[PDB]
$ cat start10.pdb   # PDB, N, CA and C atoms
ATOM      1  N   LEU A   8    -102.629  95.597  89.715
ATOM      2  CA  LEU A   8    -101.710  95.566  88.584
ATOM      3  C   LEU A   8    -100.795  94.350  88.672
ATOM      4  N   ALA A   9    -100.573  93.694  87.534
ATOM      5  CA  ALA A   9     -99.748  92.495  87.499
ATOM      6  C   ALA A   9     -98.674  92.617  86.432
ATOM      7  N   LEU A  10     -97.968  91.523  86.173
ATOM      8  CA  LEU A  10     -96.954  91.506  85.132
ATOM      9  C   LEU A  10     -97.573  91.833  83.779
ATOM     10  N   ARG A  11     -96.853  92.617  82.983
ATOM     11  CA  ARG A  11     -97.322  93.024  81.670
ATOM     12  C   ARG A  11     -97.083  91.919  80.646
ATOM     13  N   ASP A  12     -97.588  92.144  79.433
ATOM     14  CA  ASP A  12     -97.384  91.187  78.353
ATOM     15  C   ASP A  12     -96.034  91.370  77.684
ATOM     16  N   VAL A  13     -95.608  92.616  77.486
ATOM     17  CA  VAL A  13     -94.314  92.873  76.863
ATOM     18  C   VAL A  13     -93.176  92.489  77.805
ATOM     19  N   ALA A  14     -93.311  92.833  79.087
ATOM     20  CA  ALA A  14     -92.308  92.450  80.071
ATOM     21  C   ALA A  14     -92.186  90.938  80.175
ATOM     22  N   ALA A  15     -93.314  90.230  80.185
ATOM     23  CA  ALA A  15     -93.270  88.774  80.218
ATOM     24  C   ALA A  15     -92.736  88.201  78.916
ATOM     25  N   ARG A  16     -93.012  88.870  77.798
ATOM     26  CA  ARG A  16     -92.550  88.430  76.493
ATOM     27  C   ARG A  16     -91.047  88.569  76.345
ATOM     28  N   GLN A  17     -90.420  89.410  77.165
ATOM     29  CA  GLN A  17     -88.962  89.506  77.149
ATOM     30  C   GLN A  17     -88.274  88.192  77.503
ATOM     31  N   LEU A  18     -88.971  87.260  78.144
ATOM     32  CA  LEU A  18     -88.397  85.988  78.560
ATOM     33  C   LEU A  18     -88.746  84.839  77.625
ATOM     34  N   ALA A  19     -89.354  85.118  76.478
ATOM     35  CA  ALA A  19     -89.886  84.091  75.595
ATOM     36  C   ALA A  19     -89.073  84.002  74.312
ATOM     37  N   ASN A  20     -88.930  82.783  73.797
ATOM     38  CA  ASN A  20     -88.332  82.562  72.489
ATOM     39  C   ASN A  20     -89.350  82.796  71.385
ATOM     40  N   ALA A  21     -88.910  83.434  70.310
ATOM     41  CA  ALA A  21     -89.691  83.490  69.087
ATOM     42  C   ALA A  21     -89.322  82.317  68.194
ATOM     43  N   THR A  22     -90.295  81.843  67.427
ATOM     44  CA  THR A  22     -90.065  80.800  66.436
ATOM     45  C   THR A  22     -89.672  81.472  65.127
ATOM     46  N   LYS A  23     -88.405  81.336  64.748
ATOM     47  CA  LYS A  23     -87.851  81.976  63.565
ATOM     48  C   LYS A  23     -87.897  81.011  62.390
ATOM     49  N   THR A  24     -88.437  81.468  61.269
ATOM     50  CA  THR A  24     -88.465  80.661  60.060
ATOM     51  C   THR A  24     -87.233  80.941  59.209
ATOM     52  N   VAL A  25     -86.921  79.999  58.327
ATOM     53  CA  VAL A  25     -85.886  80.211  57.320
ATOM     54  C   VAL A  25     -86.409  81.275  56.365
ATOM     55  N   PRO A  26     -85.549  82.077  55.743
ATOM     56  CA  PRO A  26     -86.050  83.159  54.890
ATOM     57  C   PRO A  26     -86.889  82.632  53.735
ATOM     58  N   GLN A  27     -87.962  83.353  53.436
ATOM     59  CA  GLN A  27     -88.914  82.966  52.409
ATOM     60  C   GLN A  27     -88.614  83.733  51.134
ATOM     61  N   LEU A  28     -88.562  83.017  50.020
ATOM     62  CA  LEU A  28     -88.268  83.593  48.717
ATOM     63  C   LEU A  28     -89.512  83.466  47.853
ATOM     64  N   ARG A  29     -90.017  84.593  47.368
ATOM     65  CA  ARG A  29     -91.266  84.573  46.626
ATOM     66  C   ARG A  29     -91.086  84.212  45.161
ATOM     67  N   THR A  30     -89.856  84.170  44.663
ATOM     68  CA  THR A  30     -89.605  83.855  43.266
ATOM     69  C   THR A  30     -89.432  82.366  43.018
ATOM     70  N   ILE A  31     -89.599  81.533  44.039
ATOM     71  CA  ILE A  31     -89.543  80.091  43.850
ATOM     72  C   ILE A  31     -90.785  79.642  43.097
ATOM     73  N   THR A  32     -90.580  78.958  41.987
ATOM     74  CA  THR A  32     -91.652  78.395  41.197
ATOM     75  C   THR A  32     -91.558  76.879  41.210
ATOM     76  N   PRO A  33     -92.650  76.178  40.912
ATOM     77  CA  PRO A  33     -92.589  74.710  40.897
ATOM     78  C   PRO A  33     -91.643  74.135  39.856
ATOM     79  N   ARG A  34     -91.264  74.900  38.835
ATOM     80  CA  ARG A  34     -90.297  74.481  37.822
ATOM     81  C   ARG A  34     -90.682  73.134  37.217
ATOM     82  N   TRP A  35     -91.846  73.123  36.570
ATOM     83  CA  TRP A  35     -92.403  71.874  36.069
ATOM     84  C   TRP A  35     -91.566  71.296  34.941
ATOM     85  N   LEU A  36     -91.031  72.155  34.074
ATOM     86  CA  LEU A  36     -90.343  71.674  32.883
ATOM     87  C   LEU A  36     -89.143  70.812  33.240
ATOM     88  N   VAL A  37     -88.356  71.236  34.226
ATOM     89  CA  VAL A  37     -87.216  70.437  34.654
ATOM     90  C   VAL A  37     -87.679  69.098  35.196
ATOM     91  N   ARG A  38     -88.855  69.068  35.820
ATOM     92  CA  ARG A  38     -89.384  67.823  36.360
ATOM     93  C   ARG A  38     -89.915  66.907  35.262
ATOM     94  N   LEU A  39     -90.339  67.474  34.133
ATOM     95  CA  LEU A  39     -90.971  66.700  33.071
ATOM     96  C   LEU A  39     -89.991  66.162  32.038
ATOM     97  N   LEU A  40     -88.836  66.796  31.875
ATOM     98  CA  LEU A  40     -87.864  66.359  30.889
ATOM     99  C   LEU A  40     -87.163  65.083  31.335
ATOM    100  N   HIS A  41     -86.630  64.364  30.357
ATOM    101  CA  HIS A  41     -85.730  63.249  30.602
ATOM    102  C   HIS A  41     -84.301  63.758  30.482
ATOM    103  N   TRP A  42     -83.443  63.343  31.402
ATOM    104  CA  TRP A  42     -82.075  63.832  31.451
ATOM    105  C   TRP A  42     -81.111  62.697  31.141
ATOM    106  N   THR A  43     -80.261  62.904  30.138
ATOM    107  CA  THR A  43     -79.237  61.926  29.829
ATOM    108  C   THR A  43     -77.869  62.467  30.215
ATOM    109  N   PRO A  44     -77.017  61.641  30.811
ATOM    110  CA  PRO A  44     -75.678  62.101  31.180
ATOM    111  C   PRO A  44     -74.729  62.135  29.997
ATOM    112  N   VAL A  45     -73.828  63.108  30.035
ATOM    113  CA  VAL A  45     -72.812  63.307  29.010
ATOM    114  C   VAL A  45     -71.453  63.178  29.684
ATOM    115  N   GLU A  46     -70.691  62.151  29.302
ATOM    116  CA  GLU A  46     -69.526  61.748  30.087
ATOM    117  C   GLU A  46     -68.442  62.820  30.118
ATOM    118  N   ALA A  47     -68.213  63.511  29.005
ATOM    119  CA  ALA A  47     -67.143  64.498  28.955
ATOM    120  C   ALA A  47     -67.587  65.759  28.234
ATOM    121  N   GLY A  48     -68.822  66.185  28.462
ATOM    122  CA  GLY A  48     -69.253  67.500  28.041
ATOM    123  C   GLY A  48     -69.521  67.687  26.568
ATOM    124  N   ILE A  49     -69.484  66.627  25.767
ATOM    125  CA  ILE A  49     -69.756  66.705  24.336
ATOM    126  C   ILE A  49     -70.791  65.650  23.988
ATOM    127  N   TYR A  50     -71.790  66.037  23.200
ATOM    128  CA  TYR A  50     -72.899  65.165  22.828
ATOM    129  C   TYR A  50     -73.152  65.320  21.338
ATOM    130  N   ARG A  51     -72.900  64.265  20.572
ATOM    131  CA  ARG A  51     -73.057  64.292  19.124
ATOM    132  C   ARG A  51     -74.334  63.560  18.744
ATOM    133  N   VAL A  52     -75.182  64.212  17.961
ATOM    134  CA  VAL A  52     -76.445  63.632  17.524
ATOM    135  C   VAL A  52     -76.316  63.291  16.047
ATOM    136  N   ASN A  53     -76.179  62.004  15.757
ATOM    137  CA  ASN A  53     -76.046  61.505  14.399
ATOM    138  C   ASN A  53     -77.419  61.328  13.766
TER     139      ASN A  53
ATOM    140  N   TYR B 106     -64.242  67.961  30.950
ATOM    141  CA  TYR B 106     -63.430  67.247  29.966
ATOM    142  C   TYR B 106     -62.480  66.235  30.584
ATOM    143  N   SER B 107     -62.862  65.576  31.674
ATOM    144  CA  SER B 107     -61.969  64.670  32.394
ATOM    145  C   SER B 107     -62.290  63.205  32.142
ATOM    146  N   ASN B 108     -62.618  62.851  30.917
ATOM    147  CA  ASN B 108     -62.926  61.469  30.589
ATOM    148  C   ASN B 108     -62.432  61.182  29.176
ATOM    149  N   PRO B 109     -61.527  60.209  28.979
ATOM    150  CA  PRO B 109     -60.963  59.276  29.956
ATOM    151  C   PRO B 109     -59.687  59.748  30.653
ATOM    152  N   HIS B 110     -59.190  60.930  30.306
ATOM    153  CA  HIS B 110     -57.960  61.465  30.869
ATOM    154  C   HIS B 110     -58.296  62.578  31.848
ATOM    155  N   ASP B 111     -57.745  62.494  33.052
ATOM    156  CA  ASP B 111     -57.895  63.568  34.023
ATOM    157  C   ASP B 111     -57.111  64.796  33.573
ATOM    158  N   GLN B 112     -57.771  65.956  33.566
ATOM    159  CA  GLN B 112     -57.141  67.169  33.052
ATOM    160  C   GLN B 112     -56.089  67.708  34.010
ATOM    161  N   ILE B 113     -56.409  67.756  35.303
ATOM    162  CA  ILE B 113     -55.460  68.248  36.294
ATOM    163  C   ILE B 113     -54.263  67.316  36.390
ATOM    164  N   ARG B 114     -54.506  66.010  36.310
ATOM    165  CA  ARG B 114     -53.418  65.042  36.375
ATOM    166  C   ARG B 114     -52.411  65.264  35.253
ATOM    167  N   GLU B 115     -52.889  65.446  34.021
ATOM    168  CA  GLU B 115     -51.977  65.671  32.905
ATOM    169  C   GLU B 115     -51.287  67.021  33.012
ATOM    170  N   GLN B 116     -52.020  68.048  33.438
ATOM    171  CA  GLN B 116     -51.418  69.368  33.586
ATOM    172  C   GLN B 116     -50.256  69.327  34.571
ATOM    173  N   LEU B 117     -50.480  68.729  35.744
ATOM    174  CA  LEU B 117     -49.411  68.615  36.730
ATOM    175  C   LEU B 117     -48.293  67.692  36.256
ATOM    176  N   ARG B 118     -48.620  66.629  35.516
ATOM    177  CA  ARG B 118     -47.589  65.727  35.008
ATOM    178  C   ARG B 118     -46.617  66.459  34.091
ATOM    179  N   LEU B 119     -47.149  67.210  33.127
ATOM    180  CA  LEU B 119     -46.278  67.940  32.214
ATOM    181  C   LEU B 119     -45.509  69.037  32.942
ATOM    182  N   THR B 120     -46.151  69.697  33.913
ATOM    183  CA  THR B 120     -45.445  70.701  34.706
ATOM    184  C   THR B 120     -44.248  70.091  35.428
ATOM    185  N   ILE B 121     -44.442  68.929  36.052
ATOM    186  CA  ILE B 121     -43.368  68.299  36.811
ATOM    187  C   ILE B 121     -42.259  67.808  35.892
ATOM    188  N   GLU B 122     -42.595  67.337  34.690
ATOM    189  CA  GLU B 122     -41.547  66.976  33.739
ATOM    190  C   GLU B 122     -40.676  68.179  33.395
ATOM    191  N   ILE B 123     -41.304  69.313  33.085
ATOM    192  CA  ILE B 123     -40.531  70.510  32.758
ATOM    193  C   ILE B 123     -39.690  70.951  33.952
ATOM    194  N   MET B 124     -40.254  70.856  35.156
ATOM    195  CA  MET B 124     -39.530  71.276  36.350
ATOM    196  C   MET B 124     -38.329  70.381  36.625
ATOM    197  N   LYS B 125     -38.448  69.077  36.377
ATOM    198  CA  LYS B 125     -37.307  68.186  36.579
ATOM    199  C   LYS B 125     -36.235  68.378  35.512
ATOM    200  N   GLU B 126     -36.622  68.726  34.284
ATOM    201  CA  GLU B 126     -35.607  69.113  33.306
ATOM    202  C   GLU B 126     -34.831  70.335  33.785
ATOM    203  N   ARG B 127     -35.545  71.333  34.305
ATOM    204  CA  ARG B 127     -34.878  72.507  34.857
ATOM    205  C   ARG B 127     -33.999  72.138  36.047
ATOM    206  N   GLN B 128     -34.448  71.189  36.870
ATOM    207  CA  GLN B 128     -33.659  70.754  38.018
ATOM    208  C   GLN B 128     -32.339  70.134  37.588
ATOM    209  N   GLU B 129     -32.360  69.282  36.564
ATOM    210  CA  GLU B 129     -31.102  68.725  36.070
ATOM    211  C   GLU B 129     -30.198  69.819  35.517
ATOM    212  N   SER B 130     -30.777  70.750  34.756
ATOM    213  CA  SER B 130     -29.983  71.848  34.223
ATOM    214  C   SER B 130     -29.336  72.661  35.331
ATOM    215  N   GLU B 131     -30.017  72.818  36.463
ATOM    216  CA  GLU B 131     -29.455  73.574  37.577
ATOM    217  C   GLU B 131     -28.445  72.768  38.373
ATOM    218  N   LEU B 132     -28.606  71.448  38.429
ATOM    219  CA  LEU B 132     -27.569  70.613  39.021
ATOM    220  C   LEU B 132     -26.266  70.735  38.253
ATOM    221  N   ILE B 133     -26.344  70.976  36.950
ATOM    222  CA  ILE B 133     -25.121  71.170  36.170
ATOM    223  C   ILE B 133     -24.659  72.628  36.172
ATOM    224  N   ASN B 134     -25.571  73.599  36.140
ATOM    225  CA  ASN B 134     -25.236  74.956  35.723
ATOM    226  C   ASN B 134     -25.529  76.056  36.730
ATOM    227  N   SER B 135     -26.037  75.742  37.916
ATOM    228  CA  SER B 135     -26.352  76.792  38.874
ATOM    229  C   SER B 135     -25.093  77.570  39.250
ATOM    230  N   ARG B 136     -25.293  78.799  39.717
ATOM    231  CA  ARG B 136     -24.177  79.614  40.170
ATOM    232  C   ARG B 136     -23.878  79.435  41.649
ATOM    233  N   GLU B 137     -24.862  79.024  42.445
ATOM    234  CA  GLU B 137     -24.615  78.747  43.858
ATOM    235  C   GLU B 137     -24.013  77.356  44.031
ATOM    236  N   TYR B 138     -24.766  76.329  43.685
ATOM    237  CA  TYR B 138     -24.247  74.984  43.561
ATOM    238  C   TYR B 138     -24.072  74.695  42.073
ATOM    239  N   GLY B 139     -23.808  73.453  41.717
ATOM    240  CA  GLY B 139     -23.642  73.182  40.307
ATOM    241  C   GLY B 139     -22.218  72.843  39.949
ATOM    242  N   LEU B 140     -22.043  71.740  39.227
ATOM    243  CA  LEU B 140     -20.724  71.148  39.059
ATOM    244  C   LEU B 140     -19.770  72.085  38.334
ATOM    245  N   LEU B 141     -20.250  72.774  37.301
ATOM    246  CA  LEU B 141     -19.371  73.584  36.468
ATOM    247  C   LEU B 141     -18.858  74.830  37.167
ATOM    248  N   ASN B 142     -19.414  75.189  38.317
ATOM    249  CA  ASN B 142     -18.928  76.323  39.087
ATOM    250  C   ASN B 142     -18.162  75.926  40.334
ATOM    251  N   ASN B 143     -18.459  74.772  40.911
ATOM    252  CA  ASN B 143     -17.754  74.277  42.089
ATOM    253  C   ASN B 143     -16.668  73.280  41.723
ATOM    254  N   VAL B 144     -15.732  73.653  40.861
ATOM    255  CA  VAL B 144     -14.612  72.791  40.505
ATOM    256  C   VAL B 144     -13.330  73.465  40.973
ATOM    257  N   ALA B 145     -12.530  72.733  41.740
ATOM    258  CA  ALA B 145     -11.386  73.326  42.402
ATOM    259  C   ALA B 145     -10.285  73.645  41.397
ATOM    260  N   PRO B 146      -9.458  74.650  41.683
ATOM    261  CA  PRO B 146      -8.282  74.886  40.843
ATOM    262  C   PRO B 146      -7.333  73.701  40.916
ATOM    263  N   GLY B 147      -6.776  73.338  39.766
ATOM    264  CA  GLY B 147      -6.018  72.124  39.634
ATOM    265  C   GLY B 147      -6.822  70.940  39.155
ATOM    266  N   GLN B 148      -8.144  71.001  39.264
ATOM    267  CA  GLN B 148      -9.033  69.990  38.717
ATOM    268  C   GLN B 148      -9.586  70.380  37.357
ATOM    269  N   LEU B 149      -9.099  71.467  36.775
ATOM    270  CA  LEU B 149      -9.566  71.957  35.488
ATOM    271  C   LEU B 149      -8.507  71.672  34.434
ATOM    272  N   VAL B 150      -8.883  70.912  33.414
ATOM    273  CA  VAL B 150      -7.990  70.552  32.327
ATOM    274  C   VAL B 150      -8.427  71.307  31.082
ATOM    275  N   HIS B 151      -7.480  71.509  30.176
ATOM    276  CA  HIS B 151      -7.741  72.114  28.883
ATOM    277  C   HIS B 151      -7.344  71.141  27.786
ATOM    278  N   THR B 152      -8.068  71.192  26.675
ATOM    279  CA  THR B 152      -7.716  70.371  25.529
ATOM    280  C   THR B 152      -6.417  70.861  24.902
ATOM    281  N   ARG B 153      -5.715  69.942  24.243
ATOM    282  CA  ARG B 153      -4.454  70.291  23.601
ATOM    283  C   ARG B 153      -4.671  70.859  22.205
ATOM    284  N   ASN B 154      -5.623  70.307  21.455
ATOM    285  CA  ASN B 154      -5.870  70.721  20.085
ATOM    286  C   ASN B 154      -7.273  71.251  19.845
ATOM    287  N   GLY B 155      -8.192  71.079  20.787
ATOM    288  CA  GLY B 155      -9.552  71.536  20.614
ATOM    289  C   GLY B 155     -10.545  70.399  20.536
ATOM    290  N   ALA B 156     -10.213  69.366  19.797
ATOM    291  CA  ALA B 156     -11.097  68.214  19.739
ATOM    292  C   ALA B 156     -10.845  67.302  20.936
ATOM    293  N   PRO B 157     -11.878  66.668  21.469
ATOM    294  CA  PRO B 157     -11.686  65.794  22.632
ATOM    295  C   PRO B 157     -11.041  64.465  22.275
TER     296      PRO B 157
END

$ encode --input "start10.pdb" --output "structure tokens"
Amino acid sequence: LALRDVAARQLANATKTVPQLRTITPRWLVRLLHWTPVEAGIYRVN
Amino acid sequence: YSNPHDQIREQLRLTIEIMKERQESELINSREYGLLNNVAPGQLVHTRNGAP
């Protein structure tokens, strides 16, 4: 009988990932539009 | 809405103007300090006819 796997695993680091969110979408529309800046929050289209 | 005038800057500017008006009023009229309350007896004159 030798050292076990769980007992040996008590001395090991796990690789932890950042939390995964399944509702993330590629959001293509935001990538496809052209964005113009509005200096003070008002945009008049003549 | 901070272009071309900063909104916080103007808000604080008008606040400080009102506060300094109140400060002058208290320099004249406060009950703790204030010129009209800290005038010694004998330093108070009265008009003779009412008009200055």

$ resolve_selection --input "start10.pdb" --expression "the ChimeraX specification (/B@CA @<8) & /A@CA" --output "MDAnalysis selection string"
chainID A and resid 46:48

$ select_by_dssp --input "start10.pdb" --residues "chain A" --states "helix (DSSP H, G or I)" --output "PyMOL selection string"
chain A and resi 12-16+35-39

$ axis_aligned_box --input "start10.pdb" --around "range 128-145 of chain B" --padding-each-side "6 Å" --output "lines of an AutoDock Vina configuration file"
center_x = -22.4
center_y = 74.2
center_z = 39.1
size_x = 36.2
size_y = 22.9
size_z = 21.8

$ atom_distance --input "start10.pdb" --atom1 "CA of residue 149 in chain B" --atom2 "CA of residue 125 in chain B"
28.0 Å

$ atom_distance --input "start10.pdb" --atom1 "atom N of residue 128 in chain B" --atom2 "atom C of residue 115 in chain B"
17.8 Å

$ build_atoms --input "start10.pdb" --residues "range 21-39 of chain A" --atoms "N, CA, C and O atoms" --output "mmCIF file, in the coordinates of the input"
data_model
loop_
_atom_site.group_PDB
_atom_site.id
_atom_site.type_symbol
_atom_site.label_atom_id
_atom_site.label_comp_id
_atom_site.auth_asym_id
_atom_site.auth_seq_id
_atom_site.Cartn_x
_atom_site.Cartn_y
_atom_site.Cartn_z
ATOM 1 N N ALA A 21 -88.910 83.434 70.310
ATOM 2 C CA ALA A 21 -89.691 83.490 69.087
ATOM 3 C C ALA A 21 -89.322 82.317 68.194
ATOM 4 O O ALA A 21 -88.190 81.834 68.211
ATOM 5 N N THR A 22 -90.295 81.843 67.427
ATOM 6 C CA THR A 22 -90.065 80.800 66.436
ATOM 7 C C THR A 22 -89.672 81.472 65.127
ATOM 8 O O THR A 22 -90.502 82.113 64.481
ATOM 9 N N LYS A 23 -88.405 81.336 64.748
ATOM 10 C CA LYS A 23 -87.851 81.976 63.565
ATOM 11 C C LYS A 23 -87.897 81.011 62.390
ATOM 12 O O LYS A 23 -87.450 79.869 62.506
ATOM 13 N N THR A 24 -88.437 81.468 61.269
ATOM 14 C CA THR A 24 -88.465 80.661 60.060
ATOM 15 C C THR A 24 -87.233 80.941 59.209
ATOM 16 O O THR A 24 -86.573 81.969 59.347
ATOM 17 N N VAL A 25 -86.921 79.999 58.327
ATOM 18 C CA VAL A 25 -85.886 80.211 57.320
ATOM 19 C C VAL A 25 -86.409 81.275 56.365
ATOM 20 O O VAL A 25 -87.628 81.407 56.209
ATOM 21 N N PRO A 26 -85.549 82.077 55.743
ATOM 22 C CA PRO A 26 -86.050 83.159 54.890
ATOM 23 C C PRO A 26 -86.889 82.632 53.735
ATOM 24 O O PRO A 26 -86.570 81.615 53.120
ATOM 25 N N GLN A 27 -87.962 83.353 53.436
ATOM 26 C CA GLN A 27 -88.914 82.966 52.409
ATOM 27 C C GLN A 27 -88.614 83.733 51.134
ATOM 28 O O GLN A 27 -88.432 84.952 51.165
ATOM 29 N N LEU A 28 -88.562 83.017 50.020
ATOM 30 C CA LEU A 28 -88.268 83.593 48.717
ATOM 31 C C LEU A 28 -89.512 83.466 47.853
ATOM 32 O O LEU A 28 -90.015 82.359 47.645
ATOM 33 N N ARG A 29 -90.017 84.593 47.368
ATOM 34 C CA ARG A 29 -91.266 84.573 46.626
ATOM 35 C C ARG A 29 -91.086 84.212 45.161
ATOM 36 O O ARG A 29 -92.082 83.956 44.480
ATOM 37 N N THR A 30 -89.856 84.170 44.663
ATOM 38 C CA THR A 30 -89.605 83.855 43.266
ATOM 39 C C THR A 30 -89.432 82.366 43.018
ATOM 40 O O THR A 30 -89.150 81.974 41.886
ATOM 41 N N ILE A 31 -89.599 81.533 44.039
ATOM 42 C CA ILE A 31 -89.543 80.091 43.850
ATOM 43 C C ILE A 31 -90.785 79.642 43.097
ATOM 44 O O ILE A 31 -91.915 79.906 43.518
ATOM 45 N N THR A 32 -90.580 78.958 41.987
ATOM 46 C CA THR A 32 -91.652 78.395 41.197
ATOM 47 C C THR A 32 -91.558 76.879 41.210
ATOM 48 O O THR A 32 -90.506 76.316 41.527
ATOM 49 N N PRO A 33 -92.650 76.178 40.912
ATOM 50 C CA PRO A 33 -92.589 74.710 40.897
ATOM 51 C C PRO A 33 -91.643 74.135 39.856
ATOM 52 O O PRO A 33 -91.251 72.974 39.995
ATOM 53 N N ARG A 34 -91.264 74.900 38.835
ATOM 54 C CA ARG A 34 -90.297 74.481 37.822
ATOM 55 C C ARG A 34 -90.682 73.134 37.217
ATOM 56 O O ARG A 34 -89.967 72.140 37.327
ATOM 57 N N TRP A 35 -91.846 73.123 36.570
ATOM 58 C CA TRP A 35 -92.403 71.874 36.069
ATOM 59 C C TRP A 35 -91.566 71.296 34.941
ATOM 60 O O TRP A 35 -91.428 70.075 34.833
ATOM 61 N N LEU A 36 -91.031 72.155 34.074
ATOM 62 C CA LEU A 36 -90.343 71.674 32.883
ATOM 63 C C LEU A 36 -89.143 70.812 33.240
ATOM 64 O O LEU A 36 -88.924 69.761 32.631
ATOM 65 N N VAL A 37 -88.356 71.236 34.226
ATOM 66 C CA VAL A 37 -87.216 70.437 34.654
ATOM 67 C C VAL A 37 -87.679 69.098 35.196
ATOM 68 O O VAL A 37 -86.989 68.083 35.052
ATOM 69 N N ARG A 38 -88.855 69.068 35.820
ATOM 70 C CA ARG A 38 -89.384 67.823 36.360
ATOM 71 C C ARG A 38 -89.915 66.907 35.262
ATOM 72 O O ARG A 38 -89.940 65.684 35.436
ATOM 73 N N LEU A 39 -90.339 67.474 34.133
ATOM 74 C CA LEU A 39 -90.971 66.700 33.071
ATOM 75 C C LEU A 39 -89.991 66.162 32.038
ATOM 76 O O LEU A 39 -90.300 65.167 31.377
#
